[PDB]
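The structure appears right after this line, and notes come after that.
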Amino acid sequence: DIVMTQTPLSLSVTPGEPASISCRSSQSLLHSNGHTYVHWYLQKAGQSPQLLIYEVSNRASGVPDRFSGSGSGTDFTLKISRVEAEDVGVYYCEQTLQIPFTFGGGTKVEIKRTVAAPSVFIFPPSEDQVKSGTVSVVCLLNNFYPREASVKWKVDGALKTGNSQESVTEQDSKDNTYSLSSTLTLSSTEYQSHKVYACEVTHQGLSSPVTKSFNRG
Amino acid sequence: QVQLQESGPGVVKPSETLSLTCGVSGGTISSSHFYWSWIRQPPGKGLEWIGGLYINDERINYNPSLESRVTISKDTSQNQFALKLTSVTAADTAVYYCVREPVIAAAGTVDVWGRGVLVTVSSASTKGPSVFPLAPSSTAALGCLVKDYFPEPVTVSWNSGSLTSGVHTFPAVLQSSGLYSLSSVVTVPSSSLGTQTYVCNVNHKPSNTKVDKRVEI
Amino acid sequence: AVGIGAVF
């Protein structure tokens, strides 16, 4: 199988400057008929892939002049002369020279903006939740940039690993920020076996850790 | 002109057979110079090519990593493109796309993709969610935990869809129980808590479940 | 994609 290697994994662009993504094949994509069978797609969030460029350099029929493709052989480059808000998403290269067709791992293109620290909120679980027999304690990190962030759960001052799950939104189209939920899930018994619950947040927009806590009841 | 309309069951039990259909709106499946493909995308993991067929010679190609289990057919009787996959496991949970590709640029300067259908492989029973309000213990965050549902997806809105700014609905996570959980939050002016009511509306279409919860402090 | 090599 032909391996397609895409770089970088992720790119941050401020709107209007060019972007350049790289794709390299494990073997030549030139057919003896003289065509080179490599293609570029954009897949926006929750949407199906959209063909941007076919056979290295040609533009698919509805794609603006701002997208262009270059390269030969084994090395290919997609260029976006000016990235606009509408161009965010995951770009893929693909070869259709040999069976099976194979795609690159994808390049996530996001919008760069000023570093923004998260606003942190902790939600004590409602009585309904406690009578249900299992409880979820939610810690919300809202409207931060960039996407990297750390959340530690501390129960009665002790670090608590496991029993927690995280989830992150796509980049918000208005302010280019991210939000994150960290949910610590416990049984009602274990949950009521402790008193102080805290989520401790670190992020490069912060000068020091941010801790939000509550005493159960 | 041509649109690919996918359909199939959302849930398939493990070891059973997945079956998907791709209807051809605005044309016939027997048009010359087109290649028909099935591609899948596991949640958050990139695109895998399954197989395809070339109309002019009716050669059918399979990805060797799946070739044992997959059947791809053209169905002239129903103007349909079909995929069947036996002995499915959780590894086959993915969004499935059919695509029509012009094998030559004279036949077309763009391909056509179906909207994509989510197929979940699980033994869980279709179940509506429990909804719990999330209240804090200058600006305030409120939310709702949408818990213990199967399968995906769920719809969350605020105040019957009239409140959309500052709303973040986080991607669901699969629990060890095999059910999903997510949270939806919104930031509001604290000034407003005395005169405004906030209600999360949860619509779980696969189970016909509709739940409203008022969030208050 | 537009253009399929494996077919030729």
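Tabulated results
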read-out	value
Loop-located trypsin sites (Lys or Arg not before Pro) in region A:1-59, at most 14 other Cβ atoms within 10 Å (DSSP)	A:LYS44
Average beta-carbon neighbours from other chains, 10 Å sphere, peptide A:44-54	5
Sequence-distant residues sharing a close amide H with B:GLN80 (under 5 Å, placed H)	B:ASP75
Amide H contacts under 5 Å for A:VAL83, placed H, 5+ residues apart	A:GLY16, A:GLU17, A:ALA19
Viscosity 0.692 mPa s, 37 °C: Kirkwood-radius Stokes-Einstein D of region B:1-139 over Cα pairs, µm²/s	199 µm²/s
Signed unit charges on C-beta, dipole axis of region B:13-150, positive-most listed residue B:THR120, B:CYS98, B:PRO42	B:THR120
³J(HN,Hα) computed for each position of region B:139-154 - Karplus, 6.51 cos²θ - 1.76 cosθ + 1.60, integer Hz, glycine/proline x	10, 10, 10, 10, x, 9, 9, 9, 10, 6, 10, 7, x, 5, x, 10
Assigned charges on the beta-carbon of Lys, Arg, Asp, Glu; region B:6-136 dipole about Cα centre (debye)	340 debye
Kirkwood Rh in Å, taken over the protein assembly as shown so that all alpha-carbon pairs contribute	24.1 Å
Efficiency of FRET between A:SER188 and A:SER32 - r from beta-carbon atoms, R0 51 angstrom, step 0.05	0.15
Loop trypsin sites (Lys or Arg not before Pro), region B:1-102 (other Cβ atoms within 10 Å of the site Cβ: 12 or fewer; DSSP)	B:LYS45
Sequence-distant residues sharing a close amide H with A:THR102 (under 5 Å, placed H)	A:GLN95
Sites A:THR202 and A:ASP128 - FRET efficiency at Förster radius 25 Å, r taken between beta-carbons, to 0.05	0.20
Mean residue ellipticity (222 nm) of chain A, computed from DSSP H runs ≥ 4 via -39,500 (n - 2.57), nearest 500	-1000 deg cm²/dmol
Violating pairs (Cα-Cα greater than 21 angstrom) within the set A:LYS152/A:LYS174; B:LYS45/B:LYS205; A:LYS154/B:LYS213; A:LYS152/A:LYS195	A:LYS152/A:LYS174; B:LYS45/B:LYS205; A:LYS154/B:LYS213
C-alpha center-to-center spacing [region B:16-56, region A:162-217] in angstrom	42 Å
Two-site FRET efficiency, B:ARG59 against A:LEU9, from Cβ-Cβ distance with R₀ of 41 Å, rounded to 0.05	0.70
Trypsin sites (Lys or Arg not before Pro) lying in DSSP loop within region A:72-173, provided at most 13 other Cβ fall within 10 Å	A:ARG82
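Cβ sites come from the backbone with ideal geometry, for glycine too, and all protein chains shown count toward neighbours. Since every read-out is calculated from the coordinates, none of them should be taken as a lab result.
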